[PDB]
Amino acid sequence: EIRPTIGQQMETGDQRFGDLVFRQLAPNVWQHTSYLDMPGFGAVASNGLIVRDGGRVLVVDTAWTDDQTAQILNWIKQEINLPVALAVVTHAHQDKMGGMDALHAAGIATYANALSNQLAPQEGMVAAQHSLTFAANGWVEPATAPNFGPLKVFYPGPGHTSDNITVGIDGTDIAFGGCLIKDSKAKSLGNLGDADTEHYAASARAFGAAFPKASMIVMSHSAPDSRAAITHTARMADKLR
């Protein structure tokens, strides 16, 4: 098995498929995990989501690479056998957008914050084909997120990056914080190279206020946790201000 240097380990309830791991979180929600192997350091896990909405599937975040992302699509084909309607990617970094070309080759409509699409070239990413825009309180403008089904997109403010977005899964108790949120036992806020340290704490708390009844918080680099992930992330961020 893959024992990542960074990220959660494989545990009971996990399915290894090719180079990836899949974990069912709810009847209609699965977490995908892919790994970036760093020489002399080891693997770094990154998580995203797969949501079934009736006769179609929705994806949140790519894997690190196009091949890993094509493996996500193969898992969906084998395990669900329904078409992927769209994907939402949560900021312009490799772990979240590294596999855009695989989604495009498959003919899947891709969405990201307009700012993620604008930053994508400098970040070495391929932009999504559609841009999401947001209100002054962070909620997505609904005309920019057509037919998103249960995905409720929220821009919490600058934090891990200035473009980071989050997604609540309506009809469930799950919300996805991406790379903004760290687990309740995390020791750091991860890579702060592109972060807004002044606004981070407020952005983390805004995510919690946007999805006040979500009890399962999913994030990029740890296993799903309680709402203490939000509070602990904000407390660590209070130290940067």
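Quick note: we count residues from 1 along the sequence shown, nothing fancier. Rigid core: the largest C-alpha set superposing within 1.5 Å between the two forms.
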Using the rigid core for superposition, please say which stretch has the greater CA deviation in 6 other deposited structures of this protein, 202-210 or 187-195. 187-195
Across the other PDB entries of this protein that were compared, is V60 absent from at least a third? no
Among the other entries of this protein that model both neighbours of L36, is it absent from at least a third? no
So, looking at the entry's B-factor column for Cα atoms, which has the higher mean, 37-45 or 188-196? 37-45
Between 83-91 and 142-150 (mean CA B-factor, as deposited), the higher: 142-150
For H104, the third of its chain into which the C-alpha B factor falls: middle
Would you mind checking where the Cα B-factor of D61 ranks among the modelled residues of its chain, as the lowest, middle or highest third? lowest
State the tercile, meaning the lowest, middle or highest third, of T231 with respect to the CA B-factors recorded for its chain. highest
For the chain shown, is the CA B-factor of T172 in the lowest, middle or highest third of its modelled residues? highest
Report the third (lowest, middle or highest) to which the CA temperature factor of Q24 belongs, ranking only the modelled residues of the same chain. middle
